[PDB]
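> Data: entry_13.cif, mmCIF, C-alpha atoms.
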data_input
#
loop_
_atom_site.group_PDB
_atom_site.id
_atom_site.type_symbol
_atom_site.label_atom_id
_atom_site.label_comp_id
_atom_site.auth_asym_id
_atom_site.auth_seq_id
_atom_site.Cartn_x
_atom_site.Cartn_y
_atom_site.Cartn_z
ATOM 1 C CA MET A 1 -16.281 -38.771 -52.310
ATOM 2 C CA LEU A 2 -19.835 -39.997 -51.613
ATOM 3 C CA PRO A 3 -22.553 -38.646 -54.004
ATOM 4 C CA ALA A 4 -25.792 -37.019 -52.943
ATOM 5 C CA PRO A 5 -28.518 -38.630 -55.107
ATOM 6 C CA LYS A 6 -30.302 -37.071 -58.083
ATOM 7 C CA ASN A 7 -33.656 -36.402 -59.749
ATOM 8 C CA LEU A 8 -36.274 -36.272 -56.956
ATOM 9 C CA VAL A 9 -39.655 -36.319 -58.804
ATOM 10 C CA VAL A 10 -43.176 -36.848 -57.378
ATOM 11 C CA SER A 11 -45.314 -38.873 -59.725
ATOM 12 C CA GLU A 12 -48.935 -39.112 -58.650
ATOM 13 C CA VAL A 13 -50.524 -36.790 -56.152
ATOM 14 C CA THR A 14 -53.676 -37.071 -54.061
ATOM 15 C CA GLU A 15 -54.672 -35.356 -50.840
ATOM 16 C CA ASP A 16 -52.837 -37.863 -48.681
ATOM 17 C CA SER A 17 -50.194 -39.550 -50.877
ATOM 18 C CA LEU A 18 -47.258 -38.510 -53.100
ATOM 19 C CA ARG A 19 -44.894 -41.016 -54.734
ATOM 20 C CA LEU A 20 -41.390 -39.574 -54.503
ATOM 21 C CA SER A 21 -39.144 -41.238 -57.128
ATOM 22 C CA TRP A 22 -35.364 -40.856 -57.625
ATOM 23 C CA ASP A 23 -32.030 -41.654 -59.317
ATOM 24 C CA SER A 24 -28.931 -43.454 -57.933
ATOM 25 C CA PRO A 25 -26.251 -46.038 -59.032
ATOM 26 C CA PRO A 26 -27.127 -49.730 -58.415
ATOM 27 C CA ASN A 27 -25.433 -51.525 -55.510
ATOM 28 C CA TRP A 28 -23.315 -48.498 -54.430
ATOM 29 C CA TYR A 29 -25.798 -47.951 -51.536
ATOM 30 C CA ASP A 30 -27.595 -50.053 -48.934
ATOM 31 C CA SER A 31 -30.510 -47.955 -47.697
ATOM 32 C CA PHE A 32 -32.364 -44.661 -48.240
ATOM 33 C CA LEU A 33 -33.251 -42.204 -45.501
ATOM 34 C CA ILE A 34 -36.200 -39.906 -46.218
ATOM 35 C CA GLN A 35 -36.787 -36.825 -44.098
ATOM 36 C CA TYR A 36 -39.900 -34.742 -44.722
ATOM 37 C CA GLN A 37 -41.985 -32.080 -42.962
ATOM 38 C CA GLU A 38 -44.284 -29.147 -43.755
ATOM 39 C CA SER A 39 -42.369 -26.299 -45.389
ATOM 40 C CA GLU A 40 -44.695 -24.443 -43.016
ATOM 41 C CA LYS A 41 -44.504 -24.907 -39.235
ATOM 42 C CA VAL A 42 -44.528 -28.621 -38.353
ATOM 43 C CA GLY A 43 -43.550 -29.888 -34.869
ATOM 44 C CA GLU A 44 -41.153 -32.700 -35.778
ATOM 45 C CA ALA A 45 -39.678 -33.954 -39.048
ATOM 46 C CA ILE A 46 -40.370 -37.529 -40.142
ATOM 47 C CA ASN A 47 -37.714 -40.037 -41.173
ATOM 48 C CA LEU A 48 -38.290 -43.148 -43.275
ATOM 49 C CA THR A 49 -35.809 -45.830 -44.414
ATOM 50 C CA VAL A 50 -35.953 -47.984 -47.511
ATOM 51 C CA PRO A 51 -33.698 -50.665 -49.102
ATOM 52 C CA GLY A 52 -31.220 -49.192 -51.584
ATOM 53 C CA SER A 53 -32.590 -51.765 -54.053
ATOM 54 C CA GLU A 54 -35.396 -49.277 -54.686
ATOM 55 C CA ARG A 55 -35.750 -45.892 -56.387
ATOM 56 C CA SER A 56 -39.297 -44.915 -55.230
ATOM 57 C CA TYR A 57 -41.599 -44.750 -52.140
ATOM 58 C CA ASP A 58 -45.323 -44.059 -51.544
ATOM 59 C CA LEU A 59 -45.313 -41.257 -48.956
ATOM 60 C CA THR A 60 -48.762 -41.740 -47.275
ATOM 61 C CA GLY A 61 -50.908 -40.135 -44.546
ATOM 62 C CA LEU A 62 -50.389 -36.540 -45.671
ATOM 63 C CA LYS A 63 -52.583 -33.484 -45.034
ATOM 64 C CA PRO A 64 -54.419 -32.038 -48.086
ATOM 65 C CA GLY A 65 -53.335 -28.665 -49.537
ATOM 66 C CA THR A 66 -50.128 -28.364 -47.513
ATOM 67 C CA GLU A 67 -46.511 -27.551 -48.425
ATOM 68 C CA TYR A 68 -44.040 -30.287 -47.569
ATOM 69 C CA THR A 69 -40.255 -29.990 -47.335
ATOM 70 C CA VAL A 70 -38.819 -33.253 -48.599
ATOM 71 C CA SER A 71 -35.243 -34.425 -48.272
ATOM 72 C CA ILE A 72 -33.707 -37.744 -49.297
ATOM 73 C CA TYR A 73 -30.357 -39.290 -48.518
ATOM 74 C CA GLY A 74 -28.512 -42.440 -49.489
ATOM 75 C CA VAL A 75 -27.146 -44.654 -46.739
ATOM 76 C CA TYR A 76 -23.827 -46.530 -46.621
ATOM 77 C CA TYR A 77 -22.517 -48.474 -43.692
ATOM 78 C CA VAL A 78 -19.210 -48.084 -42.019
ATOM 79 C CA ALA A 79 -19.408 -49.475 -38.491
ATOM 80 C CA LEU A 80 -21.569 -52.539 -38.293
ATOM 81 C CA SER A 81 -21.466 -55.235 -35.683
ATOM 82 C CA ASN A 82 -21.048 -58.679 -37.157
ATOM 83 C CA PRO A 83 -24.173 -60.516 -38.281
ATOM 84 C CA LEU A 84 -26.361 -62.748 -36.188
ATOM 85 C CA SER A 85 -27.567 -65.154 -38.804
ATOM 86 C CA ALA A 86 -30.321 -67.757 -38.535
ATOM 87 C CA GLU A 87 -32.705 -69.936 -40.485
ATOM 88 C CA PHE A 88 -36.446 -69.991 -39.878
ATOM 89 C CA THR A 89 -39.365 -71.601 -41.708
ATOM 90 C CA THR A 90 -42.864 -70.170 -42.281
ATOM 91 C CA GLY A 91 -46.034 -72.192 -41.648
ATOM 92 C CA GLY A 92 -47.518 -74.648 -44.171
ATOM 93 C CA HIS A 93 -45.658 -77.310 -46.199
ATOM 94 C CA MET B 1 -14.667 -55.473 -32.242
ATOM 95 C CA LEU B 2 -18.196 -54.042 -31.664
ATOM 96 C CA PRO B 3 -20.470 -56.633 -30.024
ATOM 97 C CA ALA B 4 -22.966 -58.794 -31.858
ATOM 98 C CA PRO B 5 -26.681 -58.966 -31.098
ATOM 99 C CA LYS B 6 -27.346 -62.417 -29.726
ATOM 100 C CA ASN B 7 -30.238 -64.865 -29.232
ATOM 101 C CA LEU B 8 -32.194 -64.710 -32.456
ATOM 102 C CA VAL B 9 -35.619 -66.231 -32.154
ATOM 103 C CA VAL B 10 -38.944 -65.965 -33.939
ATOM 104 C CA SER B 11 -42.266 -65.601 -32.172
ATOM 105 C CA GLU B 12 -45.580 -65.280 -34.049
ATOM 106 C CA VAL B 13 -45.302 -67.647 -36.933
ATOM 107 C CA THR B 14 -47.522 -67.539 -40.002
ATOM 108 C CA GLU B 15 -47.259 -68.558 -43.604
ATOM 109 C CA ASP B 16 -46.841 -64.859 -44.501
ATOM 110 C CA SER B 17 -45.298 -63.420 -41.326
ATOM 111 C CA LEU B 18 -42.585 -63.988 -38.701
ATOM 112 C CA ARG B 19 -41.681 -62.061 -35.554
ATOM 113 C CA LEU B 20 -37.960 -61.657 -34.989
ATOM 114 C CA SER B 21 -36.434 -61.072 -31.532
ATOM 115 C CA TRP B 22 -32.855 -60.683 -30.296
ATOM 116 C CA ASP B 23 -30.810 -59.240 -27.351
ATOM 117 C CA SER B 24 -28.398 -56.320 -27.809
ATOM 118 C CA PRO B 25 -26.724 -53.974 -25.330
ATOM 119 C CA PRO B 26 -28.537 -50.654 -24.862
ATOM 120 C CA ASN B 27 -26.802 -47.345 -25.580
ATOM 121 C CA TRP B 28 -24.811 -49.095 -28.340
ATOM 122 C CA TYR B 29 -26.631 -48.752 -31.666
ATOM 123 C CA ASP B 30 -29.441 -46.419 -32.740
ATOM 124 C CA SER B 31 -30.185 -48.573 -35.783
ATOM 125 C CA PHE B 32 -30.395 -52.280 -36.690
ATOM 126 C CA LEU B 33 -30.017 -53.787 -40.141
ATOM 127 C CA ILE B 34 -32.219 -56.802 -40.828
ATOM 128 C CA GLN B 35 -31.304 -58.604 -43.991
ATOM 129 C CA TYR B 36 -33.366 -61.570 -45.167
ATOM 130 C CA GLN B 37 -33.780 -63.692 -48.256
ATOM 131 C CA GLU B 38 -35.105 -67.115 -49.163
ATOM 132 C CA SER B 39 -32.579 -69.714 -48.007
ATOM 133 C CA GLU B 40 -33.414 -71.283 -51.415
ATOM 134 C CA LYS B 41 -32.150 -68.462 -53.645
ATOM 135 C CA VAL B 42 -28.559 -67.482 -52.831
ATOM 136 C CA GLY B 43 -29.232 -64.413 -55.111
ATOM 137 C CA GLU B 44 -30.404 -61.099 -53.643
ATOM 138 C CA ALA B 45 -30.759 -60.180 -49.962
ATOM 139 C CA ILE B 46 -33.320 -57.579 -48.760
ATOM 140 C CA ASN B 47 -32.086 -54.806 -46.451
ATOM 141 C CA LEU B 48 -34.455 -53.490 -43.739
ATOM 142 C CA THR B 49 -33.253 -50.996 -41.158
ATOM 143 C CA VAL B 50 -34.852 -50.384 -37.786
ATOM 144 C CA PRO B 51 -34.625 -47.926 -34.878
ATOM 145 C CA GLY B 52 -31.966 -48.829 -32.300
ATOM 146 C CA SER B 53 -34.540 -48.677 -29.532
ATOM 147 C CA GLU B 54 -36.159 -51.920 -30.720
ATOM 148 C CA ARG B 55 -35.486 -55.634 -30.023
ATOM 149 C CA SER B 56 -38.229 -57.263 -32.104
ATOM 150 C CA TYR B 57 -39.619 -56.739 -35.614
ATOM 151 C CA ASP B 58 -42.400 -58.171 -37.770
ATOM 152 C CA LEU B 59 -41.427 -59.765 -41.096
ATOM 153 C CA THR B 60 -44.370 -59.385 -43.487
ATOM 154 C CA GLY B 61 -45.388 -60.628 -46.930
ATOM 155 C CA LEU B 62 -43.857 -64.088 -47.103
ATOM 156 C CA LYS B 63 -44.269 -67.389 -48.953
ATOM 157 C CA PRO B 64 -45.739 -70.445 -47.144
ATOM 158 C CA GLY B 65 -43.584 -73.439 -46.091
ATOM 159 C CA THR B 66 -40.410 -71.418 -46.809
ATOM 160 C CA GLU B 67 -37.013 -71.420 -45.033
ATOM 161 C CA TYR B 68 -35.799 -67.839 -44.787
ATOM 162 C CA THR B 69 -32.334 -66.670 -43.878
ATOM 163 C CA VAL B 70 -32.205 -63.712 -41.531
ATOM 164 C CA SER B 71 -29.303 -61.700 -40.232
ATOM 165 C CA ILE B 72 -29.287 -58.787 -37.869
ATOM 166 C CA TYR B 73 -26.510 -56.242 -37.493
ATOM 167 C CA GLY B 74 -25.936 -53.481 -34.973
ATOM 168 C CA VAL B 75 -25.460 -50.160 -36.803
ATOM 169 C CA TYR B 76 -22.866 -47.744 -35.363
ATOM 170 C CA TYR B 77 -21.187 -45.487 -37.989
ATOM 171 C CA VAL B 78 -23.242 -44.324 -40.928
ATOM 172 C CA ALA B 79 -21.991 -42.405 -43.901
ATOM 173 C CA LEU B 80 -25.118 -40.448 -44.824
ATOM 174 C CA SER B 81 -24.726 -38.275 -47.951
ATOM 175 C CA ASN B 82 -25.708 -34.611 -48.541
ATOM 176 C CA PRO B 83 -29.486 -33.836 -48.730
ATOM 177 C CA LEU B 84 -31.559 -33.702 -51.929
ATOM 178 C CA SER B 85 -34.153 -30.992 -51.083
ATOM 179 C CA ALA B 86 -37.650 -30.536 -52.659
ATOM 180 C CA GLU B 87 -41.004 -28.719 -52.402
ATOM 181 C CA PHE B 88 -44.274 -30.551 -53.050
ATOM 182 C CA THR B 89 -47.779 -29.454 -52.231
ATOM 183 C CA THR B 90 -50.537 -32.014 -51.894
ATOM 184 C CA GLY B 91 -53.790 -32.078 -53.798
ATOM 185 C CA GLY B 92 -56.826 -30.718 -51.980
ATOM 186 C CA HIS B 93 -57.314 -27.555 -49.902
#
Let me see whether you can do it: turn the structure in this file into structure tokens.

Amino acid sequence: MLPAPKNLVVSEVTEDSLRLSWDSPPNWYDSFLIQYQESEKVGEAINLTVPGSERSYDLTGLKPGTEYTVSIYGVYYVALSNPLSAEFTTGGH
Amino acid sequence: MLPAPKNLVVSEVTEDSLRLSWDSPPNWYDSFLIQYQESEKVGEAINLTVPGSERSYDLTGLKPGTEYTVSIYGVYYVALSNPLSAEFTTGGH
């Protein structure tokens, strides 16, 4: 089976930014999908993806004094094309 | 064998930022994985996803004069786990 993740805790709250933090097993995931909308009546829901190598995001650009329905998933990859791999070099020396 | 994005190039080139571009068949993938790490450290890759509708992406926060290794994958089957619901109400009125 594939685990749902655990322990979704917001950490510092303003009018426009939470900081959703969470718990999951290292490596066993690649990315993290975050769906959120107003618990109220909010047109569309918003999705955000973040490297599995992290356990916390700064959800920003939120309306003050509003209820928000958060969800969070872990993402593992079955069907991937093969890689297209290439080297590049930034400016400077 | 699902088909690989081809023609990886970089456009706007700074000491902190690079613009990736590639060609991939439409109606194939609704997500792309973009892994990148310093060609110097073999160590730990960084896994960015992107909407399948795109064919270019900006690569921000980067060291000067540095050879990065990029790889792009077409994402087709995703095992996404069961939701982790939550209510949070912003500060303010």
> Hey, can I get the axis-aligned box for range 12-20 of chain B? All listed atoms, 3 Å padding on each side, centre and edge lengths in Å to one decimal, as JSON.

{"center_x": -42.7, "center_y": -65.1, "center_z": -39.3, "size_x": 15.6, "size_y": 12.9, "size_z": 16.5}
> Could you tell me which residues of chain A sit within 8 Å of chain B when counting only C-alpha atoms, and give me the result as a PyMOL selection string?
chain A and resi 2-6+8+10+13-18+30-31+39+49-53+62-93
> After a least-squares superposition of chain B on chain A over all Cα atoms matched in order, what is the RMSD to one decimal?
3.3 Å
> Separation of CA of residue 19 in chain A and CA of residue 56 in chain A, in Å?
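A separation of 6.8 Å between them.
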> Kindly complete range 24-40 of chain A to N, CA, C and O atoms; the output should be written as an mmCIF file, in the frame of the given file.

data_model
loop_
_atom_site.group_PDB
_atom_site.id
_atom_site.type_symbol
_atom_site.label_atom_id
_atom_site.label_comp_id
_atom_site.auth_asym_id
_atom_site.auth_seq_id
_atom_site.Cartn_x
_atom_site.Cartn_y
_atom_site.Cartn_z
ATOM 1 N N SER A 24 -30.194 -43.058 -58.576
ATOM 2 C CA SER A 24 -28.931 -43.454 -57.933
ATOM 3 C C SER A 24 -28.336 -44.697 -58.617
ATOM 4 O O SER A 24 -29.071 -45.452 -59.274
ATOM 5 N N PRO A 25 -27.007 -44.909 -58.464
ATOM 6 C CA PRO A 25 -26.251 -46.038 -59.032
ATOM 7 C C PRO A 25 -26.464 -47.356 -58.290
ATOM 8 O O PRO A 25 -26.296 -47.404 -57.068
ATOM 9 N N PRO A 26 -26.830 -48.428 -59.026
ATOM 10 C CA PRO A 26 -27.127 -49.730 -58.415
ATOM 11 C C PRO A 26 -25.979 -50.278 -57.570
ATOM 12 O O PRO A 26 -24.803 -50.155 -57.942
ATOM 13 N N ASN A 27 -26.352 -50.877 -56.442
ATOM 14 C CA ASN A 27 -25.433 -51.525 -55.510
ATOM 15 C C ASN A 27 -24.702 -50.547 -54.583
ATOM 16 O O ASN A 27 -24.590 -50.813 -53.373
ATOM 17 N N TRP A 28 -24.215 -49.431 -55.144
ATOM 18 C CA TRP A 28 -23.315 -48.498 -54.430
ATOM 19 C C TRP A 28 -23.876 -47.909 -53.126
ATOM 20 O O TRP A 28 -23.202 -47.104 -52.467
ATOM 21 N N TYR A 29 -25.102 -48.322 -52.779
ATOM 22 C CA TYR A 29 -25.798 -47.951 -51.536
ATOM 23 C C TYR A 29 -26.610 -49.103 -50.936
ATOM 24 O O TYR A 29 -26.931 -50.084 -51.620
ATOM 25 N N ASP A 30 -26.940 -48.974 -49.653
ATOM 26 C CA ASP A 30 -27.595 -50.053 -48.934
ATOM 27 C C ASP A 30 -29.013 -49.671 -48.581
ATOM 28 O O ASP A 30 -29.926 -50.480 -48.730
ATOM 29 N N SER A 31 -29.191 -48.435 -48.115
ATOM 30 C CA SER A 31 -30.510 -47.955 -47.697
ATOM 31 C C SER A 31 -30.739 -46.492 -48.063
ATOM 32 O O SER A 31 -29.804 -45.796 -48.468
ATOM 33 N N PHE A 32 -31.985 -46.035 -47.914
ATOM 34 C CA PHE A 32 -32.364 -44.661 -48.240
ATOM 35 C C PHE A 32 -33.181 -43.969 -47.179
ATOM 36 O O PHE A 32 -34.328 -44.336 -46.939
ATOM 37 N N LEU A 33 -32.582 -42.964 -46.550
ATOM 38 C CA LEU A 33 -33.251 -42.204 -45.501
ATOM 39 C C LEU A 33 -34.064 -41.072 -46.098
ATOM 40 O O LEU A 33 -33.545 -40.300 -46.897
ATOM 41 N N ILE A 34 -35.334 -40.974 -45.714
ATOM 42 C CA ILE A 34 -36.200 -39.906 -46.218
ATOM 43 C C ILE A 34 -36.789 -39.047 -45.111
ATOM 44 O O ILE A 34 -37.638 -39.494 -44.336
ATOM 45 N N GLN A 35 -36.321 -37.808 -45.057
ATOM 46 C CA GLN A 35 -36.787 -36.825 -44.098
ATOM 47 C C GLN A 35 -37.765 -35.888 -44.787
ATOM 48 O O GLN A 35 -37.491 -35.388 -45.881
ATOM 49 N N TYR A 36 -38.904 -35.646 -44.154
ATOM 50 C CA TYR A 36 -39.900 -34.742 -44.722
ATOM 51 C C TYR A 36 -40.692 -34.056 -43.622
ATOM 52 O O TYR A 36 -40.953 -34.661 -42.579
ATOM 53 N N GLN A 37 -41.070 -32.800 -43.857
ATOM 54 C CA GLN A 37 -41.985 -32.080 -42.962
ATOM 55 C C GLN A 37 -42.693 -30.981 -43.741
ATOM 56 O O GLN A 37 -42.377 -30.762 -44.905
ATOM 57 N N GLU A 38 -43.644 -30.293 -43.112
ATOM 58 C CA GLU A 38 -44.284 -29.147 -43.755
ATOM 59 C C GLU A 38 -43.291 -28.016 -43.890
ATOM 60 O O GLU A 38 -42.703 -27.586 -42.887
ATOM 61 N N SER A 39 -43.105 -27.541 -45.122
ATOM 62 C CA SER A 39 -42.369 -26.299 -45.389
ATOM 63 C C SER A 39 -42.827 -25.189 -44.451
ATOM 64 O O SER A 39 -42.117 -24.202 -44.234
ATOM 65 N N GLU A 40 -44.028 -25.383 -43.907
ATOM 66 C CA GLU A 40 -44.695 -24.443 -43.016
ATOM 67 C C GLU A 40 -44.103 -24.443 -41.606
ATOM 68 O O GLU A 40 -42.946 -24.064 -41.412
#
